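*Asks:* Structure for the following, please:
(chains A, B, C and D, ligands or ions: 12)
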Amino acid sequence: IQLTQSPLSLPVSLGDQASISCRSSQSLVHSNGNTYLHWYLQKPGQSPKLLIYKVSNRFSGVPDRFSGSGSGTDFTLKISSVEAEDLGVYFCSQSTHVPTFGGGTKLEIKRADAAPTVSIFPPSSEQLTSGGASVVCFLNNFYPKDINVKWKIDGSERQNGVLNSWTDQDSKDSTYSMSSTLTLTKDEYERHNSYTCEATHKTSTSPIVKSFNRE
Amino acid sequence: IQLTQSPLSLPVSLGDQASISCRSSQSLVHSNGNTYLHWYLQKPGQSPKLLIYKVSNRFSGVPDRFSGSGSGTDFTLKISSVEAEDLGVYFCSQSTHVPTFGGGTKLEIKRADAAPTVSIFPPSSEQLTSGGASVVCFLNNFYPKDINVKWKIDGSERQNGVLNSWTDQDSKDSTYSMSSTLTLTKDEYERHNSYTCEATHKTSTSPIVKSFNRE
Amino acid sequence: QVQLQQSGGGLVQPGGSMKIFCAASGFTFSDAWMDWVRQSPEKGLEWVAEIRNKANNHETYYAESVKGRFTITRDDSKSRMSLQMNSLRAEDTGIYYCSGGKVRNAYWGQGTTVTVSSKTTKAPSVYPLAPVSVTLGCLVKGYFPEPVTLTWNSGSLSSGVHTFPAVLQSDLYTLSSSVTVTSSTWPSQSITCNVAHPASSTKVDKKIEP
Amino acid sequence: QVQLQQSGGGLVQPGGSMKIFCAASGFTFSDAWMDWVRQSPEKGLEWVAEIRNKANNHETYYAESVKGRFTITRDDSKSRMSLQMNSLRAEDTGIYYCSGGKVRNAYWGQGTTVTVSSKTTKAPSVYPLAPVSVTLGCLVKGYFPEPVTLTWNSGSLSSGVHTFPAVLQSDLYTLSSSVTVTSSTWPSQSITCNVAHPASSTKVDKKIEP
Ligand SMILES: CC(=O)N[C@@H]1[C@@H](O)[C@@H](O)[C@@H](CO)O[C@@H]1O
Ligand SMILES: CC(=O)N[C@@H]1[C@@H](O)[C@@H](O)[C@@H](CO)O[C@@H]1O
Ligand SMILES: [Mg+2]
Ligand SMILES: [Mg+2]
Ligand SMILES: [Mg+2]
Ligand SMILES: [Mg+2]
Ligand SMILES: [Mg+2]
Ligand SMILES: [Zn+2]
Ligand SMILES: [Zn+2]
Ligand SMILES: [Zn+2]
Ligand SMILES: [Zn+2]
Ligand SMILES: [Zn+2]
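*Replies:* Numbers count the residues shown, from 1 in each chain, chains lettered A, B, ... in the order given. Ligands and ions are numbered 1, 2, ... in the order given. Next up is the structure itself:
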């Protein structure tokens, strides 16, 4: 049996209510009358944590803000008065038959818009003294999570050899961070001298530019 | 110095390989160059028998199916083509410092799966004539090892006064046997007439039941 | 306090074997229904195996994908259970979680990483990132497999820190961390990047020099 | 053929004393590093004491928990060693093995049981278990201390026998055994249970009558 979750993502303002749905391909009603449906929350960097079992039974420790409902093949998790710590991926699961999970629903917290603090770093002497070259760019504490990063070498865009990494939403301030690493051969790196990390974000009308020149 | 042995239980099929670890809280290497780590096997009903000494040296009479390896604080016993005669509890030990032992690993031979043969026995004339009453139930040659025995007197369950005992795994057929003894006072025994031994085992959706009627 | 701590994970070659364990405390183990659940980019959360109550004869059930290859085990008196894996495949790779309780799946451990590889284990190169208030960095490049632990000033420096999830490319991982302090703080006070990579027994300190 | 036979164990009251012995043959005793090792459900196997080579002048060492209470001694001319135990505690209870060889711990005896008590030694009651192909039983009830020896037709009948380990309840052991034969065997051929309990000096034979 498959369980389908919607929506894939869910933006919500603090204090507001949120609603998730998870659908089974078969009825979850066991022959013994009970419906074995679970809701979990997986906060960033942590394992899943049981919220609700048997459809609407709130597990020990779970705030009454979380409530389960539904029957047959249709179930819903409601969160009223969303706190920032609520963010993460929500999962439903059925153990009426052989255990299966939903694909999860990521809850995102709405906030006021924040420009990224951008910082660029040339390869370290240590790395260079090993025949390698990595240019690194941090784009920290921004919102919304949509951001476009370009690497420009001598004005010309480079997409090969880029490694991007995002942090999950930080419940502390509800922002996002990002790291972009441009890796080149030592010889290629020394063939140019202008290096640029370029971010396009809602918070700025023009590209947010951070550059350095070699020598 | 502690010798941490993993795992506690090791189910392996005939012919397959089994691997056992024991780990020391300190290096087992002695300042003289030698590492004094032993492996033992304790078959059911017998004393520990040395398999390997000094990390990898087989003792006389030990087949080279058994091999030891490792160094410093990390050591491994390997058994290829596991034979049923291999079943039992394996121990490591070190005598580099004050001698200590691992907590052992029980090698269990995998096999098909068998339902128990159940036999119930009324109190003997001899016991009754002395004022005592014991009802006995044998569950023989079953696999796997977990099993539930419920005693019913006149349809009602009776859990106080029950004595249970399991044999070790039998290397002849790789099964387990169990004895359950319900002890009542004689008067209490003669106040009822239906006595039931109820065996719930993996091998059947319903219990194997055995009973007798006084009179 | 309820605690589920996994252990024994790591790197294995395809066709290889591995044993992982779960140590339980803070609840009556024998009463608890236990599970192994694994997580991966593909497949997401997928149930692996279960071992039931003693009341329920420690009955075991396996996902069909691991049936015959994985053996689940438990010792109630030791409050311990294990997953002993054989003939491991690339898709067995994932984060393995120990889960259990009187209520099924009530508790979950931190998880242990199971990675079936062929790739060889490599120590990371640790590069200091000095700036061109002030933001410093640490680049951790070319290690296999996961995980590494990165810290700043042995943990003493935690606020203003952003550490990013490792990313794999050509059999190698790279990791980065940034820390933002005030100009009055550095280079006046030394700031040093600490990285451990158990798989290859590496611990590296890199001081951020102007 | 190397042989090690322990003896002299048994039941003693807490605070009591006891001496156990090991007799050896099949090897040059004076060349042998000898040990005493005990085993119990709790603690498992613990090294107790050692006594070294003649070459090492019979130097002796003790586990810290028995230091001062136990004395290990040997006589090479008699291929014999002994362990004198004073002020025994409940946790001194277990199976004591004699062990030794040119190679340390190469050989192990059958062990001898040391049980420190308070509980009173008690003769068992032996009851024949006749059936309601065919399975017969023998119940050995209310004895102390261990062990008893149970045999069928004096050990003639070994195939199809299941002897279950004594279980202790309220200072008293019960032991049982079953034997399964073919219908054409019994009751035509007699089958009898033989039980010995040295501690109380009882030898009894119970014939299973239809
Ligand atoms: C209602 C219930 O307990 N169902 C269980 C299911 O959870 C799972 O344990 C399966 C074996 O994997 O057996 C049952 O079908
Ligand atoms: C290598 C060696 O001889 N080690 C012995 C150890 O075996 C044990 O005899 C102990 C005294 O109990 O002394 C030494 O540490
Ligand atoms: Mg309320
Ligand atoms: Mg409320
Ligand atoms: Mg200690
Ligand atoms: Mg048998
Ligand atoms: Mg449940
Ligand atoms: Zn260098
Ligand atoms: Zn210690
Ligand atoms: Zn009654
Ligand atoms: Zn079990
Ligand atoms: Zn040795």
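*Asks:* List the contacts of residue C:172.
*Replies:* Residues in contact with residue C:172 (Cβ atoms under 8 Å, 6 or more residues apart in numbering or on different chains) are C:122, C:141-144. (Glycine included, C-beta is placed from N, CA and C.)
*Asks:* Return the member of those residues nearest to residue B:115.
*Replies:* Closest to residue B:115 out of the contacts of residue C:172 is residue C:144 (49.1 Å), distances taken as Cβ to Cβ.
*Asks:* Just give me the neighbour total for the closest one.
*Replies:* For residue C:144, the neighbour count with other Cβ atoms under 10 Å in any protein chain shown is 20.
*Asks:* Contact partners for the closest residue to it other than its chain neighbours?
*Replies:* Once flanking residues are discounted, residue C:144 sits nearest to residue C:122: 4.8 Å by Cβ to Cβ, 6 or more residues apart in numbering or on different chains. Each residue near residue C:122 by Cβ under 8 Å, 6+ apart is listed here: C:142-144, C:172, C:200.
*Asks:* in chain C, what residue is nearest chain D?
*Replies:* Per Cβ to the nearest Cβ, residue C:77 is where chain C lies closest to chain D, at 9.9 Å.
*Asks:* Same question for residue C:166, what's its three-state structure.
*Replies:* Recorded secondary structure, residue C:166: strand (DSSP: H, G, I helix; E, B strand; the rest coil).
*Asks:* wait, doesn't it sit right on residue C:148?
*Replies:* Yes - contact criterion Cβ atoms under 8 Å: residue C:166 and residue C:148 qualify, at 7.3 Å.
*Asks:* what is in contact with those two at once?
*Replies:* In terms of Cβ under 8 Å, 6+ apart, residue C:166 and residue C:148 are both contacted by the residues C:140, C:173, C:175.
*Asks:* what number of residues lie near residue C:76?
*Replies:* By the criterion of other Cβ under 10 Å, residue C:76 has 16 neighbours.
*Asks:* coming back round to it: and the residue nearest to residue C:144, how close does it get to residue D:208?
*Replies:* For residue C:122, the distance to residue D:208 equals 71 Å [Cβ to Cβ, to the nearest Å].
*Asks:* Where does the residue positioned nearest the centre of chain A fall, secondary structure wise?
*Replies:* Note on chain A: the residue nearest the mean C-alpha position is residue A:168, at 4.0 Å, using Cα atoms, centre = their mean. Taking DSSP states H and E as the definition, residue A:168 sits outside all helices and strands.
*Asks:* sorry, back to before: most widely separated two among the contacts of residue C:122?
*Replies:* C:172 and C:200 (12.7 Å).
*Asks:* Are there residues contacting both of these two? Which ones?
*Replies:* If you check residue C:172 and residue C:200 against Cβ under 8 Å, 6+ apart, the residues they both contact are C:122, C:143.
*Asks:* Can you pull the domain assignment for chain C?
*Replies:* C:1-118, C:119-210 (curated CATH domains).
*Asks:* ok, of the contacts of residue C:122, which one's closest to chain A?
*Replies:* The closest of the contacts of residue C:122, once distances to chain A are taken by Cβ to the nearest Cβ, is residue C:142, at 8.7 Å.
*Asks:* Test my guess that the closest one contacts residue C:127.
*Replies:* No - at 10.1 Å, residue C:142 does not count as touching residue C:127 under the criterion of Cβ under 8 Å.
*Asks:* who has more neighbours, these two?
*Replies:* Neighbour count, other Cβ under 10 Å: between residue C:142 and residue C:127, residue C:127 has more, with 24 against 16.
*Asks:* my read: that one touches residue A:125, true?
*Replies:* No - using Cβ under 8 Å, residue C:127 is not in contact with residue A:125, being 9.1 Å away.
*Asks:* burial of residue 104, as a residue count?
*Replies:* I went with chain A, as the question did not name one. Residue A:104 has 22 neighbours, counted by other Cβ under 10 Å.
*Asks:* looking at chain C here, not the other one
*Replies:* With neighbours defined by other Cβ under 10 Å, the count for residue C:104 comes to 20.
*Asks:* now it: how far from residue C:32?
*Replies:* For residue C:104, the distance to residue C:32 equals 9 Å [Cβ to Cβ].
*Asks:* List the contacts of stretch A:195-207.
*Replies:* Contact with stretch A:195-207 is made by A:113-116, A:118, A:120, A:122, A:135, A:137, A:139, A:142, A:144, A:146-153, A:155, A:180, A:182, A:208-214, as judged by Cβ under 8 Å, 6+ apart.
*Asks:* on that earlier part again, quick one: which of the contacts of residue C:122 is nearest to residue B:24?
*Replies:* Nearest to residue B:24 out of the contacts of residue C:122 is residue C:200 (Cβ to Cβ; 21.0 Å).
*Asks:* Now do the contacts for the closest one.
*Replies:* Applying Cβ under 8 Å, 6+ apart to residue C:200 gives the contacts C:121-123, C:143.
*Asks:* mind running it again at 7 Å?
*Replies:* Contacts for residue C:200 (Cβ atoms under 7 Å, 6 or more residues apart in numbering or on different chains) come out as C:121-123.
*Asks:* The one helix or strand residue A:21 maps to vs ligand 1: in contact?
*Replies:* Residue A:21 is part of strand A:18-24 when elements are defined by DSSP H and E. No - residues of strand A:18-24 are not located near ligand 1 by Cβ under 6 Å from any ligand atom, the shortest gap being 13.5 Å.
*Asks:* Kindly list the main-chain dihedrals of the residue of chain C most remote from its centre?
*Replies:* Residue farthest from the centre of chain C, counting by Cα atoms, centre = their mean, is residue C:184 at 36.7 Å. Note on residue C:184: its backbone torsions stand at phi -70, psi -10 [degrees, to the nearest 10].
*Asks:* That one and ligand 7, how far apart?
*Replies:* Going from residue C:184 to ligand 7 by Cβ to the ion, to the nearest Å gives 55 Å.
*Asks:* And that residue, how far from ligand 6?
*Replies:* From residue C:184 to ligand 6 the distance is 80 Å (Cβ to the ion).
*Asks:* Give me the distance between the residue lying closest to that residue once chain neighbours are set aside and residue A:120.
*Replies:* Spatial nearest neighbour of residue C:184, excluding adjacent residues (Cβ to Cβ, 6+ apart): residue C:133 at 8.0 Å. Look at residue C:133 and residue A:120: by Cβ to Cβ, they are 16 Å apart.
*Asks:* Settle it for me: which of the two has more neighbours?
*Replies:* residue A:120 (24 against 11).
*Asks:* CA-only coordinates of the strand or helix carrying that one in CSV, if you can.
*Replies:* Using DSSP H and E, residue A:120 sits within strand A:117-121. C-alpha atoms of strand A:117-121 as CSV (Å, rounded to 0.1, in the frame of the first residue of the first chain):
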residue,chain,number,x,y,z
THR,A,117,25.5,38.2,3.6
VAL,A,118,28.0,37.1,0.9
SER,A,119,31.6,36.3,1.5
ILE,A,120,34.2,35.0,-1.0
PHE,A,121,37.5,33.1,-0.4
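*Asks:* Could you verify my assumption that residue A:28 touches residue A:38?
*Replies:* No - when contacts are counted by Cβ atoms under 7 Å, residue A:28 is not listed as touching residue A:38 (10.3 Å).
*Asks:* Pick out whichever of those two has more residues nearby.
*Replies:* Remark: of residue A:28 and residue A:38, residue A:38 carries more neighbours, 28 against 23, as counted by other Cβ under 10 Å.
*Asks:* The more buried one: what's it in contact with?
*Replies:* Listed by Cβ under 7 Å, 6+ apart, the contact partners of residue A:38 are A:50, A:52-53, A:92-93, A:95, C:105.
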